[PDB]
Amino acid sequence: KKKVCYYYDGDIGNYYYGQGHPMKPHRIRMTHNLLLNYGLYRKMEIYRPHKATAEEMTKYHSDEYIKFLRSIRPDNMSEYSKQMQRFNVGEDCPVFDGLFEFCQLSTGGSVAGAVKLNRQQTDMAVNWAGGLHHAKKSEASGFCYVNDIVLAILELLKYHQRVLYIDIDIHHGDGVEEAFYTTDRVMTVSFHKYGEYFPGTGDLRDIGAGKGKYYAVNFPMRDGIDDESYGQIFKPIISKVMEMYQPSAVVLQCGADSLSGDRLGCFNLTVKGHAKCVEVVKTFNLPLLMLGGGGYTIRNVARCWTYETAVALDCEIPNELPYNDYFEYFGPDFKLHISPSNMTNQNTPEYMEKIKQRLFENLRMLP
């Protein structure tokens, strides 16, 4: 079997974005506890991430920005109000106790995973605490402070001429796209809701610039996309990307805010529909870093990432959930898998095929 390494620090669920903030790191602990109770620890290597250093983070981020994140605390915010404005910290990216440590552990898992892949010590590495795709070189954005994904891709680029990034979070992976927009050494592929929706980027027509022209791919979608519709475009697009780009490593952001029932997202994917993306990417037999992402209905985040860990291990697991420390969260049914809702799919067959056809025309422009 393909080998899987998995990163988790038992404090990650203790970082708290603040009362009423929808981002709940506790969801990572729920995920871990569920997959432990399913027995999946028997089949993979489990590591604690290191705390990523300033030196590691400044491989992408500016020194001033990282020094600020290392400095800012609830008790000294009054003294830092102008830096808070410059670095976009204090509102949707709040100041909280242990903010910097949270960044260090999230990032540590992603970079450590990348090193493992580079050293050919694993076939897949998993960091559900990562996937912070909105963070920018010198500013926080969209709940994200340090871009673990960009840092992990930079690590892979030490050994790999061509790295493929795939993002199935409901939001456009703008910070990752931006970092690599002018290079052909990373192709970014984002599927996301588009139409006056955060972050506002990821138009069909954003295809990269300079040497990077045609190395950014964006599939904009409407509310209510379902497993059938998503599956019919994901496999063909990734197949064509693989054929034309021929990457030697892949990073897959597995943001679960694209699931049905998400508190913030308006897609209608099941856990099986979402996990099909992991199965498709695995068929290409390339070194693969799987990262977390959004997701705000936390029972469904735990289900999603537990099932995707099982997919990585080629292990079926039963729909009947095992007893676990969060069992009451999974009522009323106590099953792993979720049903779609009755929401309308605004993505017509013709819309999906037309967008796919435009993306195929762009991919045919590769050498």
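Residue numbers run from 1 along the displayed sequence.
Exercise. Where do the C-alpha atoms have the higher mean temperature factor in this entry, in 77-85 or in 183-191?
Worked result: Mean CA B-factor is higher for 77-85.
Problem set entry | 298-306 set against 36-44, stretch whose average Cα temperature factor tops the other in the entry | The stretch with the larger mean CA B-factor is 36-44.
Exercise. Taking the Cα B-factors listed in the entry, which of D226, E279, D92, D169 comes out highest?
Worked result: When the deposited C-alpha B-factors of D226, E279, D92, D169 are compared, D92 is largest.
For this session: Using the entry's values, work out which of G109, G292, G231, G265 has the largest Cα B factor.
Result: Top of the list by C-alpha B-factor: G231.
For this session: Place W128 in the lowest, middle or highest third of its chain's C-alpha B-factors, as listed in the PDB entry.
Result: Answer is lowest: the recorded C-alpha B-factor places it there.
For this session: Taking the chain's C-alpha temperature factors as the reference, tell me which third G98 falls into: lowest, middle or highest.
Result: It falls in the top third of the chain.
Exercise. Lowest, middle or highest third: where is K51 by Cα B-factor in its chain?
Worked result: Middle third.
For this session: Place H26 in the lowest, middle or highest third of its chain's C-alpha B-factors, as listed in the PDB entry.
Result: Within its chain, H26 is a middle-third residue by C-alpha B-factor, going by the deposited values.
For this session: Grab the CA temperature factor for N319 from the record and place it in the lowest, middle or highest third of its chain.
Result: Ranked within chain, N319 CA B lands in the lowest tercile.
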